[PDB]
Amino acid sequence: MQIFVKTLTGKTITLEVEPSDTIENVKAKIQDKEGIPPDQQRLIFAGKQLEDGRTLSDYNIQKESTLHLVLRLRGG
């Protein structure tokens, strides 16, 4: 399926994932095409922070769903 990951910096990232893909896998995919280290990625869905261990299915993230990516500030 195709999901969208929007940053708070005007960027829309279109990802090709599967319901079974874990949040860890998704962050890795983001680094692959965007260059953002997983450790600095805060993924959010409908206001809920996502855990690397859970899957997209677990958070009920389906096709055409939109997630938000908030970068961790290196100096707070």
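Definition used throughout: the rigid core is the maximal C-alpha set that superposes within 1.5 Å between two forms. Numbering starts at 1 and follows the sequence shown.
- Farther on average from this form in 7 other deposited structures of this protein lies stretch 8-16, the comparison being between 8-16 and 55-63 by RMS Cα distance after core superposition.
- Superposing the other copies on the rigid core and comparing 40-48 to 23-31, farther C-alpha placement in 7 other deposited structures of this protein marks 40-48.
- Mean CA B-factor, 62-70 versus 5-13: the higher value falls on 62-70.
- Annotation for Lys33: CA B-factor lies in the highest third of the chain's modelled residues.
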